[PDB]
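S.K.: 3D model of this:
(chains A, B, C and D)
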Amino acid sequence: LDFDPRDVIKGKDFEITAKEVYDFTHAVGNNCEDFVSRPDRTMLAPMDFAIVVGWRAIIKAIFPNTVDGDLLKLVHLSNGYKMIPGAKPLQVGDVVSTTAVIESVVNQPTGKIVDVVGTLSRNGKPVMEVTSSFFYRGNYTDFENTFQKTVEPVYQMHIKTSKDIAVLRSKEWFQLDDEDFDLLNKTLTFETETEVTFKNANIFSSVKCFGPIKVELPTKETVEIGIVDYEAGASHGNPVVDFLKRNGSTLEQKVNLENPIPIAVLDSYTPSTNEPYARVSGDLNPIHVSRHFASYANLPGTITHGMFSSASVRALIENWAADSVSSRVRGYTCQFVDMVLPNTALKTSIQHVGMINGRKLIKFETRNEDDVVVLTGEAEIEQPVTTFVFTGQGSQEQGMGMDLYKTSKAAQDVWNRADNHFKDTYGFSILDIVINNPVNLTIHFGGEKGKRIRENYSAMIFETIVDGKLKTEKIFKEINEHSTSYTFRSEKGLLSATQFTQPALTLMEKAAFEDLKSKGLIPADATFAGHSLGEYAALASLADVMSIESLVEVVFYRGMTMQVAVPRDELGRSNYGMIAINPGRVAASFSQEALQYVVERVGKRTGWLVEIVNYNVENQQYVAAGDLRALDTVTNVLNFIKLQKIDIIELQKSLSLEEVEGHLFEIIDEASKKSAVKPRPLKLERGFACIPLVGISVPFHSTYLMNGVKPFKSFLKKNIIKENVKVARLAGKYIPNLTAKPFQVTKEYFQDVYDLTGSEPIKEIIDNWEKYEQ
Amino acid sequence: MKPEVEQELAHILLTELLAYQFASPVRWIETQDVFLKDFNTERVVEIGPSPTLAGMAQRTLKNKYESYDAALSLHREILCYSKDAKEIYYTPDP
Amino acid sequence: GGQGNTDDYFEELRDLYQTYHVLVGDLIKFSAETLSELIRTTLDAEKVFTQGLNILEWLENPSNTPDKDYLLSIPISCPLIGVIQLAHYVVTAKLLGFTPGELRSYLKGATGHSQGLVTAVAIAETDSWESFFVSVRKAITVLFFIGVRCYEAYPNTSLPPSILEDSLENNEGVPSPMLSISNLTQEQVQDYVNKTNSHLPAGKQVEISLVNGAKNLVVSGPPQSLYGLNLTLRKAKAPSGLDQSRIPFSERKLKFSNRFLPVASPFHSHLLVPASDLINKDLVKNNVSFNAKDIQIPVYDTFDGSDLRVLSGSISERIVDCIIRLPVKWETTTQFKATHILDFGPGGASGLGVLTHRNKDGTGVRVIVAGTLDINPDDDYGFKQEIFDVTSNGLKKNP
Amino acid sequence: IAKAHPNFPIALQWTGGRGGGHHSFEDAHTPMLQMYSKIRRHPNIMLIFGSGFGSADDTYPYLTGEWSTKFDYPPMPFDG
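M.R.: Residues are numbered from 1 along each chain as shown, chains lettered A, B, ... in the order given. Here you go, the structure:
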C-alpha cells in the first residue's frame, strides 16, 4: 500500500478473445447483433469492455496507505468512457496496454472522494479514456495527502479596447512568447488546467494554473501564443479564472437543442444474481453476490453491479439512438445515484438534448419500479456518415440568407466582415445588393479612400496564356488615374452578374455553415464539395483554408476573369452561353457517347465553340457551353432528332461506326444553317431536350478558358497561405470537381490531374517527388 | 510523412486544382457516385439558397442506386438548407 | 409439421398437460428430464438457456413461462414441437388401443416439414409403448442439439428499430430470419435474389429455403437482407385494393402479400452449414443412430422426395443437411399417392395440412387436423373427431 | 346464390374478354383455375366455358381437365 497516489499505475497487457466478449454480452444484455458473427473473424468489442481490463489497475490507486478508507461503505458514484477522436473501436485481435492515474482526491465532510482516469492504447496509440468517481464516505482530516486537479471551461476573451491588454500585461501569469503581439480586435481562448493541494476544505495550500493561450485568426483557426503559469499558496480561490469569468466568457462547445425530443421510454430487467458479471469483469465484490457483507454494509442485500446497469443501458441505447451500430458511440457517461436489487425492472428514459462537435447529445434516466431514479448521464453519439454539398452559380435570389442574417450572430459576423471589407477596398456592400437587386451600380472615387479604391480596381490584371505570355492585361480599361468613378450594368440586376453572384453565394453558404458550427452539427470526418462555385465556400467552411476576405477577393477576381475573356455588346451581352441536356428525353437509349457524337460534329463543322462542361447525372444531365450560334444549333438538331427519334445509338449499331460520320455530318451541317441564321441577339429555348441558362453568358469550364488560369493561379498563390491550410481536413473528405476522386497527396493523384491538364508543377514534383524522402 | 513538406505540397495541389478548375469540365457524375457509394453516406446536405443538387440527388440515387440502397437497408436522406431546417437542426415539433 | 406456422406453439401444449394429463404426463416428464440431463451432461448449453429449460413448472403456472424471444427460439422450441407432435400421435394410438408399431403398420408412409421429419422417422422404429421412449429420446436429442449448434452458429441480434417501425406501416411485422411470399413463382423471386445478392456478399446472401407451394415460397437470410428484399419488392407492389378491373390482364402489376414468420433462425441456408458436422458428433457422442431395417414405413426426403431406407450411409446426416442447408420441394416429396392426410404438426388451423390441401385439392385427397378439435364449415378438410368416428360420417371424402 | 338456393340449377357460362361482343379484361383461365374448387362445392352449378372455340380439338382438354395440367394444376374438366 505504498503506492504513490500521485504517480501513475501500470496495468498489464491484455489480449482480447471472442470468447470473453460472448461471455460478457450475455452476462449483460447487449444483444446488439453486431458485436458477434461467425467466429474466426475480427469481431468488434464494446466500449464498456474496457473496464474489464482497466480494473486491475484502475483501483491500485485507492489501495495505498496514504489514501485511507473502508472499502465497505465505499461507493461508485459515476463512470464515463470517451473514445478519443480518430481512434477506432476495439476488436478481438487487438491486444491492449492500459494505464491509470488518479486525477483528484478530495476530502469532503461527508467522507472522501476519488476521481481516477485511465487511458488505453493499442500498438502504443491511445484508444480511449475512462473517468471514474468513487467515494470513501465517512470523515477524514488527512488534507496533507489530499489534492485536486481539473480542466477548466475554455474561456473566451474578446478584445476591443486597449486598457484591457494592459491590465493583462499588468499580469504575471499572462506571459507570452513575444509581448510585441497586437491584441486589438483579437479573440483569445484559454484552455487552462488547474492543480491544487489543499490543507482545508476551502483554504488551499498550493495552486498551479497552467495552460496555453490561443488566438483567433481571420480563419478563426486558433493558434498558440503564450502560456499561463500561476503559482500560489494559502489561496482561497482561483484568480486566473475569475479574471476570465467577468472579463471573458465560457466557450461552451456544447449547445442545447431548441425543443427537446424524446427517443424512447424503455424497460429492462436486472439479473437474478450477480455472479456471471463478477466472473467476467473480475469484480469479485461480495457486495453483489454474497449476503454476509451487504448486511455488514447496512444494505438491502446482494445488489446488482452498478456497472452492469451502465452497460445494460448503453446497449439499450446503441440499438435505439445509433440504430445498432457501435462505432458511432464515442462518449458515454453515467452517474450512479442510489442502489438496486436483482430481478428489478426499470423505466429508462431517453432524450435528445444537445449537440457537440457535430455529434449528438443524449440524456438518460432510469426510473425504478417505484419510479425513482437510479442512473442519469449522457452519451456522445456520432451522426450518420454525413455529407455537405455546396451549390454553384444559378441558385441566387433576393433576400437570400438575409432572413438569417437577422438571426445567427455567427452569420452576420460574416456578412459584415465581408461587406465592411469591400466598402473599404472596392466600395460596395452586398447587404444593399441582395436585398434590392439594382440594374446599375456606380462607384465614386472620392478623396483618399476613393483613390485607394480606384487603384484597387486598376491594380488588377487579366494575365492570359498567349505565346506563353503571362499577358499583363488590364482588367478595367475605362479606369485610369484621371477617372473618378465607374459603372457596372446588368439589365435585369447585378445579382444576375457572375461579377457579384459568386461572392454572395459563397457568403450565404459559409454563413449557414458557420451557424451550424455554432450549433455543433459538423463532424471532423464529414465530407464536403461544391458544384463549380461551392468549392471555395467548402474549403473555408470545413478546412478554413483562408479568411473570408481573401476568399471573396479571389471569387470576385474569378467572376471578372470569367467575364472578360469574351467581348460583349452594349450592356454586357455576348455571343457565348451554355445549355443543359437530358439524353433521356431525346431517347432513353441516348448514351453518354451520344452527346459526344452529336456535339463534336457541330464543333468541328461550324468551327464554333460547344463542349460538355459538366457531367452532372449520366444519361440524364450534361451541360455544355460555347458559341450560342452553335449551341442553339445543337439544340435544334436534338429537337429535330427526337421528333424523329433517330437513335444515334441505333446509328452506331445499325451503321458501321464511320458511315455514321457522314450521316451525322449531313444531318448537322444541314441543321446548323437551318438554325445558324439567327440574329446576333440570339435567344435560347427549351425545345425537346435542352434548357437555356440565363443569367449565364460565359462558357466556363471548357478549354476556351485554359488561358485564364495563370492570372488566377498566381492571384491564388498570393491570397492563400500554405500555413492556414491543414491537410487533416482534406484527405478523403474533399473531392475536387476537377478530380472527382477524394483529395489525396500521391503521385497517382498528381498524374490523374496532370495527364488531363498537362501542367508543369505535377511533372516537376513527381520528378522531384523524393523530397518526400526527408 | 513530414507534416510540413506535405503541408506545402498540399497547398500547391490545392492551388493548381482550383486554378484549372476553370476549364476542365466538372466530374460531378464521378463524385455523386463515389461519395454516395464508396462511403455510403446517409445524410447529404445541399447548402445553398435553392435545392438543386437535391434534384441532382434522388435522381441519380434512384436511377442507379436503388437495388444497391435497398440491398443494405439505407435510409439515405437528402436535405436542403432552404426547406429542411428542422430535419437538419433536429428541431421538429410533433 | 415443422417450424414457422404459428406464434404461440407453447400454448398448444396446454391442452396436452391440461386435457390429456393422465395420458401424456409420464411422457412429458421423461422428455423434460432427459432434456435437462442433456443440458447438464453437455458442456456449455447452460448459457444459451438463460432462464433455463425447467418446462414442467412452466405449465402449471404460465407466469413461470418466459416469453418468445427466449421461448420462440430454436434450442428451446424445436424439441417442444417434436414432442407436441409425438403427443398428438400417442393420444390417438392409445385411443385406438394401437401401439406405435400397430399404428405405423397402417400407413403407407410418412414425412415431415423443416424439422418434423425426424419425428416421422422416429415413429418408423416404434413398436411398443415401452420401446417408445427410446425413440422419443433419439429424436428429442436431435432437436436439442440442432437448435443449439444452430443458435450459436447464427444467433439472434436485436434489430435497429429504424426498420422495425417502418415495416409496421409497411403492412409487415417484426423481421425474422425467414420470409414468406405469396402469389409469386420460384423464378421471379430467384431473379430478385440474384439481384439483391449481386449488391451483397455471401455472409449476408439469401436463398430460397422452402418451395412450400408453387406460388407460396419462403426464403431465408439475415433480417437485414430480407428487409432489403422486402423493399425491392415494395417497388413492385400493387395494393390489393387497387382495383385493376379496368386494365387488361397482361398490363397489370403483380400484387401479392408477404411477411415474416415467427422464427428465430434461418433454416435451409448456407449460414448454418458449419454446425452440421458439429452435431453428427454430438449424436455419436450419444448412441443415437437411425437404420433402414428399423423403419418399416417409408419416409421421404423434403429435398428429393425419395425414401430413406434406400440411402448410401447414415440417415441423420441427410436429415440435418435437409433441415439446415437444403430447401424443401414440398411437392417433389408429396409426389406420393394417398386419399387421406393428417398433420400432428403444430398450427393446425394454420398448420401445414392446410396449405397441403391448397395444393392437394383437385387431386382427390382429404386432409384433417389431428391436433385440434374444431369445425370447418366447408369441410374441405377435417379435424381430430373425423379420425375417431366409427361411422360413415368419419370417412368423409372430398372429390 | 347457389348456397341460397341449393336445388335450383345454375349455369355459369364463364367466358373471357377474348370473346366477341362485350369484352372483359380478365383472362379466360386464371379465375377458373383458382375458383373451380369453390364452385364444385355446390352441385347446382353447371359449368360452361366459351371465348374462343370453333371445333372439338380446341376444347376437348377443357372437357377433360387436361388444360389445368400445363398450369401445374389438377385436371379440371368442364360441364359444357
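S.K.: can you map out the strands along chain D?
M.R.: D:10-14, D:45-49 (DSSP state E).
S.K.: Then chain B?
M.R.: Using DSSP E, strands in chain B cover B:43-47, B:77-80.
S.K.: I'd like those strands as TSV, with mean neighbour count and distance to residue A:278 appended.
M.R.: Heads up, the C-betas are built off the backbone N, CA and C, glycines and all. Formatted as TSV, the strands of chain B follow (neighbours: other Cβ atoms under 10 Å in any protein chain shown; distance: least, Cβ to Cβ, whole Å):
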stretch	mean neighbour count	distance to residue A:278
strand B:43-47	25	42
strand B:77-80	20	44
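S.K.: between the ones you listed, which gets nearest to chain C?
M.R.: strand B:77-80 (11.2 Å; Cβ to the nearest Cβ).
S.K.: close to chain C, is that closest one?
M.R.: No. Contact of strand B:77-80 with chain C (Cβ under 8 Å from any Cβ of the partner chain) is absent, the minimum separation being 11.2 Å.
S.K.: Can you get me a residue count around the nearest residue to residue A:766 once chain neighbours are set aside?
M.R.: For residue A:766, ignoring the flanking residues on the chain, the nearest one in space by Cβ to Cβ, 6 or more residues apart in numbering or on different chains is residue A:747 at 5.2 Å. When neighbours are counted by other Cβ atoms under 10 Å in any protein chain shown, residue A:747 registers 13.
S.K.: So which elements touch the helix or strand hosting residue A:662?
M.R.: Using DSSP states H and E, the element containing residue A:662 is helix A:659-676. The contact analysis (3 or more Cβ pairs under 8 Å, 6 or more residues apart in numbering or on different chains; DSSP states H and E) places helix A:659-676 against helix A:592-606, helix A:628-644, helix A:648-654.
S.K.: Quick check: can you list the domain ranges of chain C?
M.R.: Here the domain parsing of chain C from curated CATH domains is C:1-156+C:265-397, C:157-264.
S.K.: For the closest residue to chain B within chain D, give its distance to residue C:249.
M.R.: Nearest to chain B in chain D, going by Cβ to the nearest Cβ, is residue D:30, at a distance of 29.7 Å. Per Cβ to Cβ, to the nearest Å, residue D:30 is found 8 Å from residue C:249.
S.K.: How about residue A:484?
M.R.: In terms of Cβ to Cβ, residue A:484 sits 83 Å off from residue C:249.
S.K.: more neighbours, those two?
M.R.: For residue A:484 versus residue C:249, the count of surrounding residues by other Cβ under 10 Å is larger for residue C:249: 15 against 12.
S.K.: residues touching the more buried one, list them.
M.R.: Shown in contact with residue C:249 (Cβ atoms under 8 Å, 6 or more residues apart in numbering or on different chains): D:17, D:25-27, D:30.
S.K.: From those, keep the buried residues only.
M.R.: D:26-27 (16 or more other Cβ atoms under 10 Å in any protein chain shown).
S.K.: could you pick out which of the contacts of residue C:249 are near chain C?
M.R.: Okay, of the contacts of residue C:249 touching chain C (Cβ under 8 Å from any Cβ), that's D:17, D:25-27, D:30.
S.K.: where does chain C come near chain B, residue by residue?
M.R.: Residues of chain C lying near chain B (Cβ under 8 Å from any Cβ): C:160, C:162-163, C:195-196, C:198-200, C:224-225, C:227-229, C:231-232, C:235.
S.K.: quick one on the thing from earlier: out of the strands of chain D, which is the most enclosed?
M.R.: Mean neighbours per residue, mean count of other Cβ atoms under 10 Å in any protein chain shown, is largest over these for strand D:45-49, with a mean of 17.
S.K.: Identify the residues contacting it?
M.R.: D:2, D:9-15, D:28, D:32, D:36, D:39, D:59, D:62, D:78-80.
S.K.: Determine how far the lengthiest helix in chain B lies from the middle of the whole chain.
M.R.: In chain B, taking DSSP state H as the definition, the longest helix is helix B:3-19. Helix B:3-19 sits 22 Å away from the centroid of its parent chain (Cα atoms, centre = their mean, to the nearest Å).
S.K.: Using PDB, write out the CA atom coordinates for that helix.
M.R.: The C-alpha coordinates for helix B:3-19 follow below in PDB (Å, rounded to 0.1, in the frame of the first residue of the first chain):
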ATOM      1  CA  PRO B   3       3.900  17.200 -41.900                       C
ATOM      2  CA  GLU B   4       5.400  20.400 -43.300                       C
ATOM      3  CA  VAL B   5       6.700  19.500 -46.700                       C
ATOM      4  CA  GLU B   6       3.400  17.800 -47.000                       C
ATOM      5  CA  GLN B   7       1.600  20.900 -45.900                       C
ATOM      6  CA  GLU B   8       3.400  22.800 -48.700                       C
ATOM      7  CA  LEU B   9       2.700  20.100 -51.300                       C
ATOM      8  CA  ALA B  10      -1.000  20.200 -50.400                       C
ATOM      9  CA  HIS B  11      -1.000  24.000 -50.600                       C
ATOM     10  CA  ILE B  12       0.300  23.500 -54.100                       C
ATOM     11  CA  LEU B  13      -2.000  20.700 -55.200                       C
ATOM     12  CA  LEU B  14      -5.000  22.700 -53.900                       C
ATOM     13  CA  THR B  15      -3.700  25.800 -55.600                       C
ATOM     14  CA  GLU B  16      -3.400  24.300 -59.100                       C
ATOM     15  CA  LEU B  17      -6.600  22.300 -58.600                       C
ATOM     16  CA  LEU B  18      -8.500  25.500 -58.000                       C
ATOM     17  CA  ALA B  19      -6.700  27.100 -60.900                       C
END
